[PDB]
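Report on the structure given below.
Cβ placement follows ideal geometry from the backbone for every residue including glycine, while neighbour counts extend to all protein chains displayed. Readers should treat all values here as calculations from the given coordinates under stated rules, not as data from a laboratory.
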Amino acid sequence: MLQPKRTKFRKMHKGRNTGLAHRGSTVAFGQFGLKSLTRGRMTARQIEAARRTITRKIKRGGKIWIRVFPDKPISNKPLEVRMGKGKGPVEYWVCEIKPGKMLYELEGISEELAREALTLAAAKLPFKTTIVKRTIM
Amino acid sequence: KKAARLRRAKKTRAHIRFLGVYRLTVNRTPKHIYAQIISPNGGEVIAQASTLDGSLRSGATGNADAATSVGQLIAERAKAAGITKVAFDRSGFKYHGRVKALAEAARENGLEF
Amino acid sequence: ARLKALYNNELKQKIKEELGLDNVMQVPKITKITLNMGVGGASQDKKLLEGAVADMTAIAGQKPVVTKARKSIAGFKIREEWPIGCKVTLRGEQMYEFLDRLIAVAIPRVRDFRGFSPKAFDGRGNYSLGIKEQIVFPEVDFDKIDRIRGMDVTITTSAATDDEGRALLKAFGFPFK
Amino acid sequence: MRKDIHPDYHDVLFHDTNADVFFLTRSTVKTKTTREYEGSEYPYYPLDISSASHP
Amino acid sequence: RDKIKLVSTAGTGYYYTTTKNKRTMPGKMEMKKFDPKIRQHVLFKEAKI
Amino acid sequence: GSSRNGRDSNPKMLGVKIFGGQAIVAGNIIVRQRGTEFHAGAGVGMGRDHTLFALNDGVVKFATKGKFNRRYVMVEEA
RNA sequence: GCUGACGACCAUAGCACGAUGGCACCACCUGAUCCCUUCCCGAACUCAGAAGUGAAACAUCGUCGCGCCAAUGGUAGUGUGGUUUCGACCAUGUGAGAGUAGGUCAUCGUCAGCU
RNA sequence: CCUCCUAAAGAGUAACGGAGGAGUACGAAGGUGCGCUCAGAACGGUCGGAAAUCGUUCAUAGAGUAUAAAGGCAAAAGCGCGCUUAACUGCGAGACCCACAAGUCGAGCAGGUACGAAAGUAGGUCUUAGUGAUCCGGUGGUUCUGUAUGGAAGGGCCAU
């Protein structure tokens, strides 16, 4: 359950998600990269589940890099409460995702096993994903 | 230190530039003393007098008497150049000793400030 | 000012010869001597300051100045702007005379002293020494002494480097390391 | 050196009997007994030990 | 910081109103202020307001 | 959960009042500001709230001058 | 040719490294009698002077080590009209930031002095 | 009432929208003249340490600015000293803001003043919060009025 240890402000605005992912579209740390073709919100629970499935598949044979962190807080309102009377608290944290953004990277493992693990992680995640080979340029 | 001396002269320099009057700036060294009159624009020298002048070059420079002389000659030069009302600029030097004698000579010899 | 007279005539030339300095002006000299007596007890009982000023004035030969604390610490319980320490600055002719008196009498009377550590220098050519007991100096009188207090002495030298600073002291004869 | 705000400061002669050495220097200390010195007469304070004799 | 009134020495009656703190200054305060009636600076004394 | 913070202050209407190249007479307020976002050069005076106003007739000019690269406002006689 | 004072401009003008400079000028530098200084100190400031040195500082020269400046092209955004799957797209006008090639050890003004 | 965002690069702009302060203080914490530069890091030094004071080297502000935040601050607006009361009187061309009532800035003129050798600065505090209309009553001045006339009462005008 990734979460910032402390934050300057408890609550944050909803914001708008637009544009392509110009930064973070290139794989650096690891040879094997998984990218998101669709924009959306990535929850900490989603990140944890994908990490756990990838770790189980690798069985300590490869190194995993997480390029997504849920710094942004999300406020949700409780049931049987009228609209207004103040903003709700941060039930959960999400990471804004843009098309082409790096989610996970793998190194030190065979391509086929990495592809299978990335397939499992994609199945868990809400984003369409295409595996991309790392390119120098 | 010349750095500190310029640091403590800038207040008066800026206030005189705001006033927009001709400025009688002094600059004294252990050997020589110089006085010159700068235009309100701050980039034109219209009158000058130092102990490098031939009249008092081969003499007791770096002295209160030399400062008094330089004041008298720059006062005459300013009178001949048409300047009558200036703002004194000790240029960070304490208004005292050679600077004070220079200022008093200039003030008594035609210039009023 | 026997040392002041001696330094220009003898010591300066031999320092230049010993260090093989290209130019005479490079040769170092002692710019200032500073004495510091910081005590925490002062400014609370308020009796310490008078005796400290008396002994410091008697030893130094100049009127000392009372510094004011610029910081407040909860652990030390010092509020802003209190007179916790006293210092004096000696230079030139009077400094050379003080240094002569110090070399003459102050260090020898010190009990259980063999020498000064060679690492005391900060590396920039400055020298610092600490005197355990103020009584060592002859100016103060043991009979009418309220309490014993230690002192700090600092010597400032133009040379930027410790080897030349130490050679400058050696020419003067400051007790061997 | 501001006037009148400083301690009494005067010539003093410091001698070591064991080393038989005379030193001349100005010190605030005052001595009841003085030794004659060819240059002039200034007060005497005895020294138990001297730097030169000190090992 | 109770209010105080300043009365001129001359007796013109022109007065100045200002606030002072009794704890930090219980004693009366004397100041020189311009007096329109006589057109000259004069001493002033604190008075009850 | 009640986080009671529904306060705000009234507007102050700061900003540039007369821009570059405009005719201006003595006394016109040029810039209302907090601190010296703009500084007063020749022909412009400075009030206690850091207001910049024209000391004489002319045309307002904006420039970046000096070592600190400060923004300056001047009134040129034109 | 160089030095000093006052300015324009405020890093392509800076920092860093190395070299040159003492006939003038500048700076250190000598002394604290006098003017004037220190909540102590001739450090600074101030005065009276040239025994000594360009050591430090200062000025000039050289470089690309840093800093700074910086294209062209492309991309992002964007006013107007239209379309839309609401992400965007088309026509037109505009056009960044970052990064890359590259550039830089400034350019001038008035007065005075030595040559 | 003040500061920031919402607020869409002039101003303005709402929510039981997201965050914090105010209902003071100072005769110096104002004015002027002069002078000074902080927080930290490392090294050395009696008690004395992680950190007291002293010395040295870097240090455009990583400090301080009476106070919440924004902006600003080197000619410092920050920090010290000497003398001082401009924390003045009568105003004030011209502007900002504004339904009104209000509110804000302001060169300059006249009188007196403080500082400075002087040109000069000073109509409170680096600015933006520290606030309350009218009626009524009280007080210090005032020749304006004064129910036949002279007074007085009361009323009016200025200050509070």
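For A:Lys72, the amide hydrogen comes within under 5 Å of the amide hydrogens of A:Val94, A:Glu96, counting only partners 5 or more places away or on other chains and with H modelled in the peptide plane. A dipole drawn for the protein assembly as shown from +1 and -1 charges on Cβ atoms has a positive end, and of C:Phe176, B:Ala66, F:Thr36 the residue lying farthest that way is F:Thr36. Just how far, in whole angstrom, is the range B:47-113 from the range A:37-83 if you go by their alpha carbon centroids? Centre-to-centre (Cα) distance: 81 Å. Structural size metrics of chain C, computed from C-alpha coordinates, are Rg and Dmax of 18.0, 56 Å. The calculated pair-distance distribution of the range B:16-113 uses every alpha carbon pair, bins of 10 angstrom beginning at 0, and gives 18, 54, 26, 2 percent. For a straight C-alpha distance cut-off of 28 angstrom, the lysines reachable from C:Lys14 (same-chain residues fewer than eight places away being disregarded) are C:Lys4, C:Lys29, C:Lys32, C:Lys119, C:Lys170, C:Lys177. This model, with +1 at the C-beta of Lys and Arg and -1 at the C-beta of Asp and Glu, gives chain F a dipole about its Cα centre of some 460 debye. Compute a Gaussian network model of chain C, connecting alpha carbons closer than 10 Å, and tell me which residue from C:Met25, C:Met151, C:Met56 fluctuates the most. Among C:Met25, C:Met151, C:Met56, the largest mean-square fluctuation in the Gaussian network model of chain C belongs to C:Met25.
Each of E:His41 and C:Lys170 was given a label point 7 Å from its Cα along the Cα-to-Cβ line. The distance between the two points is 6.9 nm.
Show me the trypsin sites (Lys or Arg not before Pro) within the range C:67-134 that DSSP assigns to loop and that have at most 15 other Cβ atoms within 10 Å of their Cβ. Can you show the working numbers first?
Values: sites: C:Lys68, C:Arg70, C:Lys71, C:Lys77, C:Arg79, C:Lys87, C:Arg91, C:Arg101, C:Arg109, C:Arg111, C:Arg114, C:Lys119, C:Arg124, C:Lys132; in loops: C:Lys68, C:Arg70, C:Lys71, C:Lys77, C:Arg79, C:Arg91, C:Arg109, C:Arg111, C:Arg114, C:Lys119, C:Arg124, C:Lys132.
Those satisfying the criteria are C:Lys68, C:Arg70, C:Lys71, C:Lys77, C:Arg79, C:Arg91, C:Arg111, C:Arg114, C:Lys119, C:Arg124, C:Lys132.
Note on chain D: Kirkwood hydrodynamic radius from all Cα pairs is 12.5 Å, rounded to one decimal.
Quote the charge dipole size of chain E about the Cα centre in Debye, to the nearest 20; the model charges only the Cβ of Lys and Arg (+1) and of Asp and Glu (-1).
Details: 13 positive and 4 negative charges, 34 e Å.
So the magnitude is around 160 debye.
Sequentially through the range C:52-62, phi angles give Karplus couplings (6.51, -1.76, 1.60; θ = phi - 60°) of 4, 4, 4, 5, 5, 4, 4, 6, 6, x, 9 Hz, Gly and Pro residues having no value and appearing as x.
Ordering A:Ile74, A:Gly84, A:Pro99 by the projection of their Cα atoms onto the charge dipole of the range A:58-101, which places +1 on the Cβ of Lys and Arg and -1 on the Cβ of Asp and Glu, puts A:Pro99 at the extreme positive end.
Taking the Cβ of C:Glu17 as the centre, find all other residues whose Cβ is under 14 Å away and add up their charges (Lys, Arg: +1; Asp, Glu: -1). Could the numbers behind the result be given before it?
Values: positive: C:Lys12, C:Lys14, C:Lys16, C:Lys170; negative: C:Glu10, C:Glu18, C:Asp22, C:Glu164.
With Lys, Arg at +1 and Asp, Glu at -1, the neighbours total 0.
Between A:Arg45, A:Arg23, A:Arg82, the GNM of chain A built on Cα springs shorter than 10 angstrom shows A:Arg82 fluctuating the most. Taken along its principal axes, the alpha carbon cloud of the protein assembly as shown reaches lengths of 110, 81, 69 Å, longest axis first. Placing unit charges on the Cβ atoms only, positive for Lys and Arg and negative for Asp and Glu, gives the protein assembly as shown a dipole magnitude near 5240 debye about its Cα centre. Since only F:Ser3, C:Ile15, E:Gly11 are under comparison, the one whose Cα sits farthest along the positive direction of the charge dipole of the protein assembly as shown, derived from C-beta charges on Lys, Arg, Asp and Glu, is F:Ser3. When the P(r) is computed for chain F, the part past 17 Å accounts for 47% of the Cα-Cα pairs.
The label-point distance for A:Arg115 and C:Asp163, in a model that sets each label 7 Å from Cα toward Cβ, rounds to 6.9 nm.
Please find, in a Gaussian network model of chain B (springs between Cα atoms separated by less than 10 Å), the residue of B:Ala80, B:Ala49, B:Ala35 whose mean-square fluctuation is greatest. In this elastic network of chain B, the residue with the biggest mean-square fluctuation among B:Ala80, B:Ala49, B:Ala35 is B:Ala80.
Here the range A:8-137 is treated as a sphere whose radius is the Kirkwood value from Cα pairs; by Stokes-Einstein at 20 °C and 1.002 mPa s it diffuses with a coefficient of 134 µm²/s.
Sites listed here are chymotrypsin sites (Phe, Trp or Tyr not before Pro) in the range C:39-121 whose DSSP assignment is loop and whose Cβ has at most 12 other Cβ atoms within 10 Å: C:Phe76. Distance between the pseudo-spin-label points of A:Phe69 and F:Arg70 (7 Å out from Cα toward the beta carbon): 4.1 nm.
Full extension from C:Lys29 to C:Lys4: what is 0.36 nm times the residue separation minus their Cα-Cα distance, to one decimal in nm? Walk me through the numbers before you get to the answer.
Numbers: separation 25, 0.36 × 25 = 9.00 nm, distance 1.10 nm.
Working it through step by step, the gained length comes to 7.9 nm.
Other residues within the sphere of radius under 13 Å centred on the Cβ of D:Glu41, judged by their own Cβ, net out at -2 (K and R +1, D and E -1). The convex hull drawn around the Cα atoms of chain E, when projected onto a plane and averaged over every direction, covers 3.1 nm².
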